[PDB]
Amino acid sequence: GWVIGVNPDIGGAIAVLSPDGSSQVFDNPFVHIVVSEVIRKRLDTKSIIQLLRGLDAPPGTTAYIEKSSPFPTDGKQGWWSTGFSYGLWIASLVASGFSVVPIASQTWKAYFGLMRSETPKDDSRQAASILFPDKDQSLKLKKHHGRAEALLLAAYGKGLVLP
């Protein structure tokens, strides 16, 4: 049936797969906010809830979400932001009636044979373009790898196979 895949971080996206084969992918809504006298991007909570409420996916649809797992060498702001983005998305999905299933990036990458790639973000856009050819135009920029990763997480959840 329906499958949702969420790539939750600031350059992420939510992909929605319908039973008739169609797909949608939306960039994560964000806002600019002032923190410690500089500008930071933060997810836009109201817009995410509005987006989820507008989906045709019925209550109980599984929403796969990529599990938050920053490196010990990443900065503490990286740790805070990945936690924040994860919590915001999990509560939004639960409140909107979806069944949240966290998935490690290694899981869907291994499924599509994408591990240890020299060009992982390019490879993600290529794989997503082949699985979802009507999204090829929406994946033409390097910055679209977040869209590709959400689509691939959803594709994993739906059991799709590359040709």
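Numbering starts at 1 and runs along the sequence shown.
In this entry, 111-119 shows the higher mean Cα temperature factor of the pair 111-119 and 54-62. Per the PDB record, of the two stretches 90-98 and 31-39, 31-39 carries the greater mean B-factor over its C-alpha atoms. Across the options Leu153, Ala13, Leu17, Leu141, the residue with the most elevated CA B-factor in the record is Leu141. Sorting the modelled residues of the chain by their CA temperature factor places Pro8 in the lowest third.
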